[PDB]
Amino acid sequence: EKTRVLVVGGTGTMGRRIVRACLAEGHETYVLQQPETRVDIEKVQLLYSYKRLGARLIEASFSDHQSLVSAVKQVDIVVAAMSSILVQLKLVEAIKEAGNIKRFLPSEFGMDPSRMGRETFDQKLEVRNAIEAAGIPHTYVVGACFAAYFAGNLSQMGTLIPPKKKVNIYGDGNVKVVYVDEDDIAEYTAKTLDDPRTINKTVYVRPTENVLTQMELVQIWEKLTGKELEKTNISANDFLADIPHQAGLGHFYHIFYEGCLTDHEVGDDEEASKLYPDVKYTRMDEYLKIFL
């Protein structure tokens, strides 16, 4: 009577946490094992370490439609976490022929691509159209900054840890951003995937106490270190000198200058911390303590 979940992209940053959260949540957890992983000592040891935690491995290849069909027949629910976004179209074809899947959560976990208007959003929307054209019930998990990419570095670029003296502030740094521990995004995902309340819904991950401006985040760290940092404000115009990964920038712009993560309300029936209040999500003062 356990839900059976196949995780596609199980050795990625988000993928490995979704695997563990599915196990932790009591699901019968299956991980897609792709042949290319056979030469990667990192991927191999991760996959087999899941086996010790009680997961099962299913060998399949995206270029072998029948192995995908055969993999998805063994489960009730499929989650993908890739970033190769469009390889999910082959997954949709498999799910459609198999016929037995109760829910597919595609590889979202970022800004809601339906709210933009770059090619990251196009490709997730292309995957969404196929999901819906095939009549596959779905849940889209959206709306958060990964703490590892945006909080641990106080939203500076080119680094993943907090800076020593100086920090760039974007605008007045008073634009609200949503900073979430990837583990919590994973736990929210593992709880939502068989929840009747969220079938065919978008679930917004917006834990209330993690709705913070860059300056509030910076001040969380100054309080932890006792040292104030040397701040340098950067304006929309100066920033938009992007003259490549010009696309990362400008995802950044939408988050930190336009407030795309917070410029719209979300109901309690569609917000993960309200849906799953027993998830004691990591506040950002806790998340940052590891760096002291």
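Numbering starts at 1 and runs along the sequence shown. The term rigid core refers to the most C-alpha atoms you can superpose between the two forms while keeping them within 1.5 Å.
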Between stretches 65 to 73 and 33 to 41, more displaced by Cα RMS in 6 other deposited structures of this protein (rigid core superposition):
33 to 41
Find the stretch among 55 to 63 and 232 to 240 with the larger RMS C-alpha deviation in 6 other deposited structures of this protein, all structures being superposed on the shown form by the rigid core.
232 to 240
Is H251 a gap in at least one third of the other compared entries?
no
Checking the other PDB entries that cover both flanking residues: does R206 lack coordinates in at least a third?
no
Looking at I243 and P244, the deposited sequence has unmodelled residues in between totalling 4 to 9
Which class describes the count of deposited residues lacking coordinates between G117 and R118: none, 1 to 3, 4 to 9, or 10 or more?
4 to 9
Out of 184 to 192 and 156 to 164, which stretch has the higher average CA B-factor listed in the record?
156 to 164
If you average the Cα B factors in the entry, which is higher, 253 to 261 or 232 to 240?
232 to 240
Between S49, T225, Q33, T29, which one tops the list for Cα B-factor in this entry?
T225
Out of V69, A60, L57, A247, residue topping the C-alpha B-factor column of the entry:
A247
Compared with the other modelled residues in the chain, in which third is the CA B-factor of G173?
highest
Ranked by Cα temperature factor within the chain, is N129 in the lowest third, the middle third or the highest third?
middle
Taking the C-alpha B-factors as the PDB entry records them, is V44 in the lowest, middle or highest third of its chain?
lowest
Ranking the modelled residues of this chain by C-alpha B-factor as given in the entry, is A80 in the lowest, middle or highest third?
lowest
Among the modelled residues of its chain, the C-alpha B-factor of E216 falls in the third labelled highest
